Every structure is written in C-alpha cells, then in structure tokens.
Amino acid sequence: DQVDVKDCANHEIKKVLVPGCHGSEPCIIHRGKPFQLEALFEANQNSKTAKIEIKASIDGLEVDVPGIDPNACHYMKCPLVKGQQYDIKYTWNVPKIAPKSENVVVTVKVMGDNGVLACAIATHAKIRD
C-alpha cells in the first residue's frame, strides 16, 4: 500500500508504494527476501539526467546500500518533461546477512540537470528475519 515518507525537496514525490506495508506502520524488510518499491513523481524541470543517491543508516550509523543502479533514466523515459508524471518500480534484493535494526533511515535523492528532482526520507523500515 501507500507508505508515509518525509519530502526533503518541493513535494515532487506524489506517492510511495510498498506491497505488504501501509501508511506510517512499521514496514518490515525481510532478510534474504526481495523488497518491492514504487514511486510516482512529477518532473520539476526538463532534464536529460536523473541520478539516484541513497543514504541509509542503521541505529544512527551510515551503511552502504548494495545493488542500486544510480541511473534512474534506466527505469523511466528520459529526458524528463517538466510537469509530466513518472512511475518508477524497483525490486531491491535484501542481503540474507542484513544487520537487524529497529532504527532504519533511508534517504533517496534524485538529482537532475538543474539540481534536485526529488527527495524523500523513510523512517518506518525495520530489518528482521
């Protein structure tokens, strides 16, 4: 379902979906299991480029997020047109050895030709078996 995220830009993200999660309830990310995410956003600029930057922290300490394609133009039709809406779907592979934590912060930032396209912070994710 739709999950709650905090916008760190200008409300370009319209919706974030995660099958099996809802609103601001704890969203369990299961180790060794695929995790599906969908985002719908409005382009705030014409841009040839969309570069995705993921910062993640476990118990207030930054951790590397593996298996992320930085070129968001791989998952939608670039160049982006200002004011058009783009739907991006991605399945992330959760490592079987992922550190179990009840305090996970994920910040996803998409940078365009002229600065930020989109920014969201998700604080409800919990990594469990």
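Just count from 1 along the sequence shown to find any residue number.
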- request: Using only the Cα atoms and their B-factors as the entry lists them, report which of 15 to 23 and 101 to 109 averages higher.
  value: 15 to 23
message: Lowest, middle or highest third: which one holds residue 84 when the chain's residues are ordered by CA B-factor from the entry?
response: highest
statement: The third of the chain into which the C-alpha temperature factor of residue 54 falls is the highest
- prompt: How does residue 30 rank on Cα B-factor within its chain, lowest, middle or highest third?
  reply: middle
message: Lowest, middle or highest third: which one holds residue 127 when the chain's residues are ordered by CA B-factor from the entry?
response: lowest
message: Where does the C-alpha B-factor of residue 77 rank in its chain, lowest, middle or highest third?
response: highest
